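Enquirer: just need the structure, nothing else, for what follows:
(2 chains)
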Amino acid sequence: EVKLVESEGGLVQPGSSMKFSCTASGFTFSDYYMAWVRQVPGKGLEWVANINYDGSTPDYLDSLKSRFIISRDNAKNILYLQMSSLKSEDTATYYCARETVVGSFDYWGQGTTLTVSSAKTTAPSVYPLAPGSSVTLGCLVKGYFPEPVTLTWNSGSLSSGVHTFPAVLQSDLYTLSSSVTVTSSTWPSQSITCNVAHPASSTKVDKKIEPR
Amino acid sequence: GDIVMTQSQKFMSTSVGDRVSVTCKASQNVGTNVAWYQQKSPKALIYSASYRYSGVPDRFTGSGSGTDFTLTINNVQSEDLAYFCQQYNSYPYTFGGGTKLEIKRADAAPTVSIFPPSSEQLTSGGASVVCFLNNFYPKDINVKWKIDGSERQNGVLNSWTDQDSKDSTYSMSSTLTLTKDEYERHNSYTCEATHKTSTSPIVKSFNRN
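Expert: Numbers count the residues shown, from 1 in each chain, chains lettered A, B, ... in the order given. You can find the structure just below:
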């Protein structure tokens, strides 16, 4: 299968520089135009740059032509994007894309998120939410930066009846909550634990929900 | 400089199994140099305005040329996806804003649950009261907080899920965040949900005692 894997993103300081790579597999890399497209949630998709078969002719979004450089090595089958003097506006998920001969993108990478910000990484506080034929439990995840956090219940084995809500930004700290609903006769009998992972701070917190 | 692709409808109403058409208008002539994608990373659907890639099923139909383009989807089912148009007639390539389908289903009252602050949070000096309003339809809903019977508007933060891709409902979280000081000065904390499924609001409350 055609496969595109972008390299590690994360949180970087304004004004810094960083180089993205995308490892291409499952097709003849030199037979296709390649491109970079980025997307900030709620604002849509924005084309950044593309490059010809042999790298001899790139094209850029002119507002970014001053700080971005697209490149490719068809011996290693990798596409690069070099970014300089990064601004907070460069915060987005960046996708590598295979460009068809006419100009569409028939394959996209998994995307990698870049956060350009001088706010400090802050681990989350995780608070339990404890209280018919069904019962609803929850976890409140407050005061973390940057996005994202990953919430699971019972290490992922409890997935039905879960609602994990979008995070809300408040004074450069994020908050979200997640609720899970189980049959009333199975709690507290069969334990229910929320797991909150925050890769940016290398932290994970597990809170088992118990009656008040 | 910029060709603008406008998808004016952020949401498009339909029902399970129906055919539906999504529209995309170019600010200049792009001929047939238009692509369509779906996205929860995007997946390519149609190129050259009307051509399907190998593996895209024929329930997708592209149409249009010049400035007016449409994507038609037959046998729509519950999903968590939007549809994006793109022009590649000239640099820079530009995308539409996206259109999400809304699936009709029977009206459903929310299940409302309220939770007091945890012992851990109070130790830190904060006090969040959380109210979940889960699995309701249609998406329009109102939540009101009351503290000792008095309506409270400051310190409330709401978050909404997208329409669930399996039961076609919506859910909402409402969190009232106070200081421990203010929280200890009052007794009754009430979350009130107003929904078209009833003329009387659903009231969940607790007393700090």
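Enquirer: please make it C-alpha for all contacts and neighbour counts, starting now.
Expert: Fine.
Enquirer: count residues in the vicinity of residue A:100, would you?
Expert: 15 (other CA atoms under 10 Å in any protein chain shown).
Enquirer: residue A:29 is in contact with that one, correct?
Expert: No. The pair residue A:100 / residue A:29 is not scored as a contact, 11.7 Å apart, by CA atoms under 8 Å.
Enquirer: how about the residues of chain B by chain A?
Expert: Contact residues, chain B versus chain A (CA under 8 Å from any CA of the partner chain): B:33-35, B:41-45, B:47-48, B:53, B:88-89, B:91-98, B:113-118, B:120-121, B:132, B:157, B:159-161, B:171-173.
Enquirer: out of these, name the ones that lie in strands.
Expert: B:34-35, B:43-45, B:47, B:94-95, B:113-115, B:132, B:157, B:159-160, B:171-173 (DSSP state E).
Enquirer: show me the contacts for the most centrally placed residue in chain B.
Expert: Nearest to the geometric centre of chain B sits residue B:162, at 3.6 Å (CA atoms, centre = their mean). Going by CA atoms under 8 Å, 6 or more residues apart in numbering or on different chains, residue B:162 touches B:80, B:170, B:171.
Enquirer: what do you get for residue B:135?
Expert: By CA under 8 Å, 6+ apart, the contact list for residue B:135 reads B:108, B:109, B:110, B:111, B:169, B:170, B:171.
Enquirer: what's across from the fourth one in the sheet?
Expert: With DSSP bridges as the criterion, residue B:111 is bridged to residue B:134.
Enquirer: quick one, phi psi at the closest residue to residue B:59 other than its chain neighbours?
Expert: Leaving aside its sequence neighbours, residue B:59 sits nearest to residue B:74 (CA to CA, 6 or more residues apart in numbering or on different chains; 5.0 Å). Note on residue B:74: backbone dihedrals following degrees, to the nearest 10 are phi -100, psi 150.
Enquirer: kindly state the beta-bridge partners for the closest residue to residue A:120 other than its chain neighbours.
Expert: Leaving aside its chain neighbours, residue A:120 sits nearest to residue A:145 (7.1 Å; criterion: CA to CA, 6+ apart). Beta-bridge pairing for residue A:145 (DSSP bridges): residue A:122.
Enquirer: quick check: residue A:145 vs chain B, distance?
Expert: 17 Å (CA to the nearest CA, to the nearest Å).
Enquirer: the residue positioned nearest the centre of chain A sits in which helix or strand?
Expert: In chain A, the C-alpha nearest the mean C-alpha coordinate belongs to residue A:113, at 4.6 Å (CA atoms, centre = their mean). According to DSSP states H and E, residue A:113 maps onto strand A:112-116.
Enquirer: ditto for residue A:19
Expert: strand A:18-25.
Enquirer: which parts of chain A sit against chain B?
Expert: A:43-47, A:59-61, A:95, A:102-111, A:127-131, A:136, A:163-168, A:177, A:179.
Enquirer: switch to 6 Å and redo it
Expert: Of all the residues in chain A, those in contact range of chain B (CA under 6 Å from any CA of the partner chain) are A:44, A:47, A:61, A:103, A:106, A:110, A:129, A:165.
Enquirer: contact partners for the third one?
Expert: Under the criterion of CA atoms under 6 Å, 6 or more residues apart in numbering or on different chains, the neighbours of residue A:61 are A:48, B:92.
Enquirer: distance of it from residue A:99?
Expert: With the distance defined as CA to CA, to the nearest Å, residue A:61 ends up 16 Å from residue A:99.
Enquirer: same question, the first one
Expert: If you measure residue A:44 against residue A:99 using CA to CA, the figure is 19 Å.
Enquirer: give me the more crowded residue out of those two.
Expert: Higher neighbour count among residue A:44 and residue A:99: residue A:99, with 21 against 14, using other CA under 10 Å.
Enquirer: what's around residue 64, how many residues?
Expert: Using chain A. By other CA under 10 Å, 14 other residues sit near residue A:64.
Enquirer: think we crossed wires, I meant chain B
Expert: Neighbourhood size, residue B:64 [other CA under 10 Å]: 18.
Enquirer: for it, list each beta-bridge partner.
Expert: Beta-bridge partners for residue B:64, by DSSP bridges, are residue B:69.
Enquirer: quick check: it vs chain A, distance?
Expert: Distance of residue B:64 to chain A, given as CA to the nearest CA: 16 Å.
Enquirer: go on, residue B:8?
Expert: Here residue B:8 is placed at a distance of 13 Å from chain A (CA to the nearest CA).
Enquirer: surely residue A:84 touches residue A:15?
Expert: No. Assessed by CA atoms under 6 Å, residue A:84 is found out of contact with residue A:15, at 7.2 Å.
Enquirer: ok, those two, which is more surrounded?
Expert: residue A:84 (16 against 13).
Enquirer: residue A:169 should be in a strand, yeah?
Expert: Yes. Under DSSP: H, G, I helix; E, B strand; the rest coil, residue A:169 falls within a strand.
Enquirer: thinking again about what came up before, and the residues of chain B next to chain A, which are buried?
Expert: B:33-35, B:41-45, B:47-48, B:88-89, B:91-98, B:113-118, B:121, B:132, B:157, B:159-161, B:171-173 (16 or more other CA atoms under 10 Å in any protein chain shown).
Enquirer: for the residue nearest to residue A:120, what are its contacts?
Expert: By CA under 6 Å, 6+ apart, residue A:145 lies in contact with A:121, A:122, A:173.
Enquirer: may I ask which of these has the most neighbours?
Expert: Neighbour count (other CA under 10 Å) singles out residue A:173 as the most crowded of the contacts of residue A:145, with 20 neighbours.
Enquirer: just grab the bridge partners of it for me.
Expert: Residue A:173 has these beta-bridge partners by DSSP bridges: residue A:170.
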